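Descriptive analysis of the structure
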Amino acid sequence: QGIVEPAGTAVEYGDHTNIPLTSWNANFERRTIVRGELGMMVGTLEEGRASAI
Amino acid sequence: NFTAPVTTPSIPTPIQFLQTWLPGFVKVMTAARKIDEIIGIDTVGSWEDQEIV
Amino acid sequence: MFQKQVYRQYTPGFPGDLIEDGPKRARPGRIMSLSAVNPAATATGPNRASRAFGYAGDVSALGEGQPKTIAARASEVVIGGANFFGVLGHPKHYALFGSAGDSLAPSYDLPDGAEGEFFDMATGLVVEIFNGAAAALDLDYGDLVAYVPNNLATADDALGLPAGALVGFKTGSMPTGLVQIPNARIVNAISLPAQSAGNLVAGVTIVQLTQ
């Protein structure tokens, strides 16, 4: 993720005066991803005995 | 004056996003295989066989 | 790129890779910084792949208050342990992360606190081997393997062997300070030249049967 952070200031107006300008400056940050796992196993006779109850 | 910039000033664009990667890859050569050019190839037998007469 | 020589054949495989298919066993783990050991480590090294690792403790608590949630079953490992946990392998799992100088630089070690897969059983596993006797040695098909601990005394470590390197030896000429891995065989032929401290020849990677 990033940041923008603008900048700039104004002065008084004039016909032949210099023109002020603006700018910006950015930064970033990081994170990490984790994964998990889980499974199952079933036998043939186990299902038959389980259906009794 | 100039207050505080809140964020640390730095170069905005990272090195990435400015790199183009060539579409291809290089592979290693290994020694030449010249048996086919000298002699040729004949497909006469079949798999799971044992002998040629 | 970087290819300056042409050979007659390809290499059979790279260290940390499976070379044959069959029965196998593996477990995940989290690497602990070697500096965390209390009695200090006499032998040190990086978390290089294809090196033995040891059990360190359980980190599955995942909490800070009086009640804690046992969310997962996780194990925490160190580069060298008296209790054998496995051998780091399968390099395709991890990310390069570059190096300190610049990115896109070849690196073959994992940072502290990162995950990994460690092998307890493998029909065929390519690992790098070392010579622990500072002399010429020919292994042959049937041998035994051992790994260096951190608590190996410097008197028994005249050669600058790394923290968790693997050492091959004959049936009755095992070095004094190593820890043997039961039911482990080299199942391949290899020869190593003369060796000396500071000029440690890294040996040659060789197939090995863990169990």
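Judging from the entry metadata, cryo-EM is the method by which this structure was determined, and 3.96 Å is the reported resolution.

On the surface, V26(B), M1(C) and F2(C) cluster together to form a nonpolar patch covering roughly 450 Å² of accessible area. For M1(C), a relative accessible area of 73% gives the class exposed.

Now for the packing of aromatic side chains. Residues and elements named next belong to chain C. Evaluation of the coordinates by the stated rule reveals 3 aromatic pairs over all chains. Ring geometry for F84 versus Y147: centroids 5.8 Å apart, planes at 45°, classification tilted. One end of the pair, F84, is in strand 4 (residues 84–88); the other, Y147, is in strand 7 (residues 144–147), with 63 residues separating them in the sequence. Judged by its relative accessible area of 1%, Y147 is buried. Centre to centre, the rings of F85 and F118 are 5.6 Å apart; their planes meet at 75°, and the pair counts as edge-to-face. Separated by 33 residues along the polypeptide, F85 in strand 4 and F118 in strand 5 (residues 115–128) bring together distant segments of the chain. Exposure remark for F118: the relative accessible area of 0% places this residue in the buried category. Among the aromatic residues, those joined into a ring-pair cluster are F53, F85 and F118.

The interface of chain B with chain C comprises 7 residues on the first partner and 8 residues on the second. With both chains or domains summed, chain B and chain C bury close to 610 Å², and 64% of this area falls on carbon and sulfur atoms. Counting the contacts that link chain B with chain C gives 0 salt bridges. At the junction of chain B and chain C, the tally comes to 3 residue pairs in polar contact. Here the side of chain B that touches chain C is composed, by residue class, of 5 nonpolar, 1 polar and 1 charged.

Quick notes on the rules
- Residue indices run from 1 on each chain, following the sequence as it is written; they may not match the entry's numbering, and residues absent from the coordinates are omitted.
- Chains carry letters from A onward and ligands carry numbers from 1 onward, assigned in written order.
- A larger assembly contains the chains displayed, and the values given here are confined to that displayed part.
- Derived side-chain values reflect all non-hydrogen atoms in the structure, with water molecules and hydrogen atoms excluded from consideration.
- Patch rule: a residue counts if its relative accessible area is over 30% and it has no salt bridge; like charges are joined within 9 Å, and nonpolar side chains (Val, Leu, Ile, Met, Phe, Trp, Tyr) within 5 Å.
- Residue exposure ignores everything except the shown protein chains as possible cover, and the areas themselves are Shrake-Rupley values with a 1.4 Å probe.
- Between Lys or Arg on one side and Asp or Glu on the other, a salt bridge is scored when a side-chain nitrogen of the former is within 4 Å of a carboxyl oxygen of the latter.
- The rule is simple: take the accessible area with a 1.4 Å probe, protein chains only, and divide by the maximum for that residue type; under 20% is buried, over 50% is exposed, in between is partly exposed.
- When two rings of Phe, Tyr or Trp (its six-membered ring) have centres within 6.5 Å they constitute a pair, described as stacked for plane angles under 30 degrees, edge-to-face for angles over 60, and tilted for the intermediate range.
- Note on conventions: DSSP H or I runs of at least 4 residues are helices, E runs of at least 2 residues are strands, and numbering of each starts at the N terminus.
- Throughout, a contact is declared for two residues whenever any of their heavy atoms are within 4.5 Å.
- The quantity reported as buried area is the accessible area (1.4 Å probe) lost by two parts once they are put together, taken as the sum for both.
- Polar contacts, as used here, are pairs of N or O atoms within 3.5 Å; protein pairs need one atom able to donate a hydrogen and one able to accept it. Residues neighboring in sequence count only if both atoms are side-chain atoms.
- Any residue that is not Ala, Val, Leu, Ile, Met, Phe, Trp, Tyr, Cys, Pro, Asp, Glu, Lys or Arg is counted as polar, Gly included; the first ten are nonpolar and the last four charged.

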